[PDB]
Amino acid sequence: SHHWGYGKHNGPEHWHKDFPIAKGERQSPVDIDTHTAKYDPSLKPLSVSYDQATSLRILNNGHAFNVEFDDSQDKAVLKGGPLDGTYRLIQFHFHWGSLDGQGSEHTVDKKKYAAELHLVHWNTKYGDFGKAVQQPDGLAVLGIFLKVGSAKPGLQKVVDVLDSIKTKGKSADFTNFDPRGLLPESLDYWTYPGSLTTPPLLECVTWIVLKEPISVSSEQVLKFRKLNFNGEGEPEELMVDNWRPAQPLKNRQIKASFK
Ligand SMILES: Nc1nc(Cl)nc2c1ncn2[C@@H]1O[C@H](COS(N)(=O)=O)[C@@H](O)[C@H]1O
Ligand code: NA
Ligand SMILES: [Zn+2]
């Protein structure tokens with residue numbers, strides 16, 4: 001069993017030893033250089049259809065927390081933009097910092113945001129998530145940057161349950177949460193082919209990164225930083241800086257949906 005994390009001893013610079021694809025040709029995240037990304041007038045409109053989303057549970061996995069959805073049918077899907085076909089929402093999670101100046105995985109002209117939200121979807125033509133991650137077009141991850149300013153009301157239900165899942169392996173019922181409340185106003189985006197940003201680092205993701213960040217309050221993000229990487233009763237290691245830094249772009253082009 002693997003023992004990866006974000007510390008000096010088991011962090012991103014170590015991952016390549018168990019997961020050699022870490023040094024691959026389409027690794028994520030990347031820096032988005034806004035003056036090199038090209039507007040692509042042929043990107044179709046992005047369609048976020050979350051009306052029938054069914055959230056189930058929230059889990060501290062020792063790396064982040066995941067809000068899990070019922071993906072047994074087409075209840076919450078992402079279509080359009082660069083995507084062919086239908087991608088089903090399976091979960092969302094975040095990456096964040098110890099301080100507001102770092103936390104995001106993607107960067108924008110080298111700017112790091114305080115946090116990044118990842119809504120993870122799988123291509124329904126592959127039948128299940130485990131089959132989808134074996135395909136170059138198996139996943140679509142919608143990435144949303146968080147900056148610290150005004151509170152995000154649609155996030156507070158998440159923040160308030162975190163006290164009940166402080167430590168690794170803890171979960172809580174998390175029904176009737178509406179992920180539409182985490183979106184910015186604009187769906188303008190950048191897109192590029194990449195990977196999972198955690199082990200196993202599989203090169204199966206179409207990344208769609210929204211240009212407009214959402215604002216969250218310092219109180220909201222401070223509560224993210226009170227979670228623990230450790231399990232119950234173990235010495236406290238605060239769950240902070242659970243982000244992978246930018247990876248080489250290699251032979252890839254980042255496309256913009258907007259001028
Ligand atoms: N052992 C594993 N096998 C497979 Cl098959 N998938 C896995 C995985 N461990 C994590 N995942 C997924 O990868 C996302 C992280 O990557 S991210 N930041 O969204 O790019 C996580 O939340 C999960 O969905
Ligand atoms: Na916003
Ligand atoms: Zn992620």
# chains A, B, ... in the order shown; residues from 1 in each chain; ligands from 1
>>> residues_near_ligand(ligand="ligand 3", cutoff="7 Å", atoms="only C-alpha atoms and all ligand atoms", output="NGL selection string")
:A and (93-95 or 117-118 or 197)
>>> residues_near_ligand(ligand="ligand 1", cutoff="9 Å", atoms="only C-alpha atoms and all ligand atoms", output="PyMOL selection string")
chain A and resi 28-29+64-66+90-95+105+117-121+129-134+141-143+194-202+205+207+243-244
>>> write_last_selection(atoms="N, CA, C and O atoms", output="compact mmCIF listing (two decimals), in the first residue's frame")
# COMPACT_ATOMS: atom_id res chain seq x y z
N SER A 28 -0.56 17.25 -14.68
CA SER A 28 -1.25 18.42 -14.12
C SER A 28 -0.87 18.63 -12.66
O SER A 28 -0.47 17.68 -11.99
N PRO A 29 -1.02 19.85 -12.14
CA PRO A 29 -1.50 21.04 -12.82
C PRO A 29 -0.41 21.70 -13.65
O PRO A 29 0.73 21.16 -13.74
N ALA A 64 -7.55 15.20 1.44
CA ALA A 64 -8.48 16.31 1.35
C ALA A 64 -9.80 15.85 1.94
O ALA A 64 -9.83 14.82 2.63
N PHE A 65 -10.88 16.53 1.67
CA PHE A 65 -12.21 15.97 1.92
C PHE A 65 -12.97 15.89 0.62
O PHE A 65 -12.92 16.81 -0.20
N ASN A 66 -13.74 14.81 0.45
CA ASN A 66 -14.50 14.65 -0.75
C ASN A 66 -15.99 14.75 -0.44
O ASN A 66 -16.47 14.04 0.48
N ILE A 90 -19.04 12.81 -10.00
CA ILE A 90 -18.85 11.79 -8.96
C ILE A 90 -18.51 12.40 -7.61
O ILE A 90 -18.98 11.92 -6.58
N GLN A 91 -17.70 13.47 -7.55
CA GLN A 91 -17.35 14.10 -6.29
C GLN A 91 -16.73 15.46 -6.54
O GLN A 91 -16.32 15.74 -7.65
N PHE A 92 -16.64 16.25 -5.49
CA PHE A 92 -15.79 17.43 -5.48
C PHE A 92 -14.92 17.45 -4.27
O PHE A 92 -15.25 16.87 -3.24
N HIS A 93 -13.80 18.13 -4.40
CA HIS A 93 -12.86 18.33 -3.30
C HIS A 93 -12.10 19.60 -3.59
O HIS A 93 -12.25 20.22 -4.64
N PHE A 94 -11.30 20.01 -2.62
CA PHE A 94 -10.48 21.20 -2.71
C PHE A 94 -9.02 20.91 -2.45
O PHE A 94 -8.66 19.92 -1.85
N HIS A 95 -8.19 21.85 -2.87
CA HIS A 95 -6.81 21.96 -2.51
C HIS A 95 -6.58 23.33 -1.92
O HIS A 95 -7.16 24.32 -2.45
N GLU A 105 -3.58 24.68 -7.33
CA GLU A 105 -2.72 23.83 -8.11
C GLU A 105 -2.38 24.45 -9.45
O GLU A 105 -1.20 24.66 -9.75
N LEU A 117 -11.02 24.43 -6.18
CA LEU A 117 -12.10 23.46 -6.16
C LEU A 117 -12.07 22.64 -7.44
O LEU A 117 -11.96 23.20 -8.54
N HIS A 118 -12.19 21.32 -7.28
CA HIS A 118 -12.20 20.37 -8.38
C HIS A 118 -13.50 19.57 -8.33
O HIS A 118 -13.74 18.80 -7.37
N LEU A 119 -14.31 19.73 -9.36
CA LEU A 119 -15.53 18.95 -9.54
C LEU A 119 -15.14 17.86 -10.56
O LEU A 119 -14.86 18.16 -11.73
N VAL A 120 -15.16 16.61 -10.11
CA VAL A 120 -14.65 15.50 -10.88
C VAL A 120 -15.77 14.74 -11.58
O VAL A 120 -16.76 14.39 -10.93
N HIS A 121 -15.66 14.60 -12.89
CA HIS A 121 -16.69 13.94 -13.71
C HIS A 121 -16.08 12.84 -14.57
O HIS A 121 -14.98 12.96 -15.07
N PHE A 129 -16.20 4.71 -13.32
CA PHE A 129 -15.02 5.55 -13.07
C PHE A 129 -13.70 4.85 -13.24
O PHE A 129 -12.76 5.38 -13.84
N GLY A 130 -13.60 3.60 -12.75
CA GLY A 130 -12.39 2.87 -12.87
C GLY A 130 -11.98 2.54 -14.29
O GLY A 130 -10.80 2.48 -14.61
N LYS A 131 -12.96 2.34 -15.17
CA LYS A 131 -12.64 2.15 -16.58
C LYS A 131 -12.30 3.50 -17.24
O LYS A 131 -11.46 3.57 -18.09
N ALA A 132 -12.97 4.55 -16.81
CA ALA A 132 -12.78 5.84 -17.42
C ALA A 132 -11.36 6.34 -17.19
O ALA A 132 -10.77 6.93 -18.09
N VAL A 133 -10.76 6.07 -16.02
CA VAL A 133 -9.41 6.60 -15.75
C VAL A 133 -8.32 5.92 -16.57
O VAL A 133 -7.18 6.39 -16.61
N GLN A 134 -8.70 4.85 -17.26
CA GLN A 134 -7.75 4.14 -18.16
C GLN A 134 -7.81 4.71 -19.58
O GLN A 134 -7.17 4.16 -20.48
N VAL A 141 -12.42 17.43 -15.31
CA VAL A 141 -12.39 18.08 -14.00
C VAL A 141 -12.56 19.53 -14.25
O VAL A 141 -11.83 20.16 -15.01
N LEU A 142 -13.57 20.08 -13.59
CA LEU A 142 -13.88 21.51 -13.60
C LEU A 142 -13.20 22.10 -12.40
O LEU A 142 -13.48 21.76 -11.25
N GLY A 143 -12.27 23.01 -12.68
CA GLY A 143 -11.48 23.68 -11.65
C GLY A 143 -11.88 25.12 -11.46
O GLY A 143 -12.10 25.82 -12.46
N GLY A 194 -4.68 16.83 -19.52
CA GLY A 194 -3.78 16.60 -18.42
C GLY A 194 -4.08 15.36 -17.67
O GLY A 194 -4.49 14.32 -18.22
N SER A 195 -3.83 15.43 -16.36
CA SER A 195 -3.87 14.25 -15.50
C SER A 195 -4.58 14.47 -14.17
O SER A 195 -4.81 15.58 -13.82
N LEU A 196 -4.72 13.41 -13.40
CA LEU A 196 -5.03 13.55 -11.96
C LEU A 196 -3.84 14.26 -11.36
O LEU A 196 -2.67 13.95 -11.72
N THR A 197 -4.08 15.10 -10.38
CA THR A 197 -3.01 15.78 -9.69
C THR A 197 -2.57 15.11 -8.41
O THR A 197 -1.65 15.62 -7.75
N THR A 198 -3.18 13.97 -8.08
CA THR A 198 -2.73 13.10 -6.97
C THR A 198 -2.37 11.77 -7.59
O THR A 198 -2.91 11.38 -8.64
N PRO A 199 -1.52 11.01 -6.89
CA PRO A 199 -1.44 9.60 -7.26
C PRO A 199 -2.83 9.01 -7.43
O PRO A 199 -3.75 9.31 -6.60
N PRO A 200 -3.06 8.18 -8.44
CA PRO A 200 -2.05 7.60 -9.35
C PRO A 200 -1.62 8.43 -10.57
O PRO A 200 -0.89 7.93 -11.44
N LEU A 201 -2.02 9.71 -10.62
CA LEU A 201 -1.47 10.63 -11.61
C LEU A 201 -1.82 10.30 -13.05
O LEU A 201 -1.11 10.66 -13.99
N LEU A 202 -2.90 9.56 -13.21
CA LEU A 202 -3.25 9.04 -14.53
C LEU A 202 -3.60 10.13 -15.53
O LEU A 202 -4.27 11.10 -15.20
N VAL A 205 -7.47 13.13 -18.04
CA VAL A 205 -8.31 14.26 -17.69
C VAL A 205 -8.33 15.34 -18.77
O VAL A 205 -7.26 15.78 -19.22
N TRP A 207 -8.99 18.97 -18.59
CA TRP A 207 -9.12 20.05 -17.61
C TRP A 207 -9.89 21.20 -18.15
O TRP A 207 -9.65 21.65 -19.28
N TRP A 243 -1.57 20.68 -2.13
CA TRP A 243 -1.54 21.04 -3.56
C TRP A 243 -0.25 20.54 -4.18
O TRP A 243 0.83 20.62 -3.58
N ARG A 244 -0.36 20.07 -5.42
CA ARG A 244 0.81 19.77 -6.27
C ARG A 244 1.19 21.04 -7.05
O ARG A 244 0.33 21.72 -7.54
>>> closest_residue(among="A:248, A:184, A:20, A:45", to="residue 82 of chain A", atoms="only C-alpha atoms")
A:45
>>> residues_around(residues="residue 76 of chain A", least_positions_apart="3", cutoff="9 Å", atoms="only C-alpha atoms", output="list in words")
residues 48, 49, 50, 51, 52, 53, 54, 69, 70, 71, 73, 87, 88, 89 and 90 of chain A
>>> write_last_selection(atoms="N, CA, C and O atoms", output="short mmCIF file (atom, residue, chain, number, x, y, z; two decimals), in the first residue's frame")
data_model
loop_
_atom_site.label_atom_id
_atom_site.label_comp_id
_atom_site.auth_asym_id
_atom_site.auth_seq_id
_atom_site.Cartn_x
_atom_site.Cartn_y
_atom_site.Cartn_z
N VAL A 48 -23.27 23.08 -17.69
CA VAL A 48 -23.19 22.55 -16.34
C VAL A 48 -24.65 22.26 -15.92
O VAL A 48 -25.44 23.18 -15.77
N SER A 49 -25.03 21.00 -15.86
CA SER A 49 -26.42 20.58 -15.56
C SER A 49 -26.44 19.87 -14.23
O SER A 49 -26.45 18.65 -14.19
N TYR A 50 -26.52 20.66 -13.16
CA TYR A 50 -26.49 20.18 -11.78
C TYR A 50 -27.87 20.19 -11.08
O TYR A 50 -27.90 19.91 -9.89
N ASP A 51 -28.96 20.50 -11.81
CA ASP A 51 -30.30 20.54 -11.16
C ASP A 51 -30.73 19.31 -10.33
O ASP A 51 -31.32 19.47 -9.27
N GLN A 52 -30.43 18.12 -10.80
CA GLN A 52 -30.83 16.89 -10.13
C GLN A 52 -29.70 16.25 -9.33
O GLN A 52 -29.78 15.09 -9.04
N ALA A 53 -28.67 17.01 -9.01
CA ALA A 53 -27.54 16.46 -8.24
C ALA A 53 -28.02 15.87 -6.92
O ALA A 53 -28.94 16.40 -6.28
N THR A 54 -27.44 14.73 -6.55
CA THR A 54 -27.75 14.06 -5.30
C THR A 54 -26.46 13.83 -4.54
O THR A 54 -25.76 12.88 -4.79
N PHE A 69 -21.22 12.14 -4.64
CA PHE A 69 -22.54 12.22 -5.27
C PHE A 69 -22.98 10.86 -5.72
O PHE A 69 -22.17 10.01 -6.05
N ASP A 70 -24.29 10.69 -5.84
CA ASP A 70 -24.84 9.51 -6.54
C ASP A 70 -24.64 9.66 -8.03
O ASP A 70 -25.23 10.52 -8.69
N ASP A 71 -23.76 8.84 -8.59
CA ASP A 71 -23.48 8.82 -10.02
C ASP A 71 -23.98 7.53 -10.68
O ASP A 71 -23.41 7.13 -11.66
N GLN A 73 -26.79 7.28 -12.16
CA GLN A 73 -27.56 7.76 -13.32
C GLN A 73 -27.10 9.17 -13.62
O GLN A 73 -26.46 9.76 -12.77
N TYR A 87 -20.42 13.71 -19.22
CA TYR A 87 -19.59 13.39 -18.06
C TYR A 87 -20.36 13.56 -16.76
O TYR A 87 -20.87 14.63 -16.45
N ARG A 88 -20.40 12.54 -15.97
CA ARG A 88 -21.18 12.48 -14.74
C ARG A 88 -20.38 12.93 -13.52
O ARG A 88 -19.30 12.44 -13.29
N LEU A 89 -20.94 13.83 -12.72
CA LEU A 89 -20.31 14.25 -11.50
C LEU A 89 -20.23 13.12 -10.51
O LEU A 89 -21.28 12.53 -10.17
N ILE A 90 -19.04 12.81 -10.00
CA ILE A 90 -18.85 11.79 -8.96
C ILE A 90 -18.51 12.40 -7.61
O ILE A 90 -18.98 11.92 -6.58
#
>>> residues_around(residues="residue 217 of chain A", least_positions_apart="5", cutoff="6 Å", atoms="only C-alpha atoms", output="PyMOL selection string")
chain A and resi 148-151
>>> write_last_selection(atoms="N, CA and C atoms", output="PDB file, in the first residue's frame")
ATOM      1  N   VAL A 148      -9.702  34.978  -1.190  1.00  0.00           N
ATOM      2  CA  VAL A 148     -10.235  35.352   0.117  1.00  0.00           C
ATOM      3  C   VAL A 148     -10.791  36.775   0.010  1.00  0.00           C
ATOM      4  N   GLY A 149     -12.056  36.915   0.361  1.00  0.00           N
ATOM      5  CA  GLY A 149     -12.708  38.216   0.365  1.00  0.00           C
ATOM      6  C   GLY A 149     -14.017  38.042   1.103  1.00  0.00           C
ATOM      7  N   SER A 150     -15.118  38.248   0.402  1.00  0.00           N
ATOM      8  CA  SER A 150     -16.454  38.046   0.940  1.00  0.00           C
ATOM      9  C   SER A 150     -16.775  36.569   1.041  1.00  0.00           C
ATOM     10  N   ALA A 151     -17.597  36.212   2.021  1.00  0.00           N
ATOM     11  CA  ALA A 151     -18.002  34.839   2.216  1.00  0.00           C
ATOM     12  C   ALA A 151     -18.790  34.303   1.021  1.00  0.00           C
TER      13      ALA A 151
END
>>> closest_residue(among="A:18, A:137, A:33, A:74", to="residue 206 of chain A", atoms="only C-alpha atoms")
A:137
>>> atom_distance(atom1="atom CA of residue 253 of chain A", atom2="atom CA of residue 192 of chain A")
6.4 Å
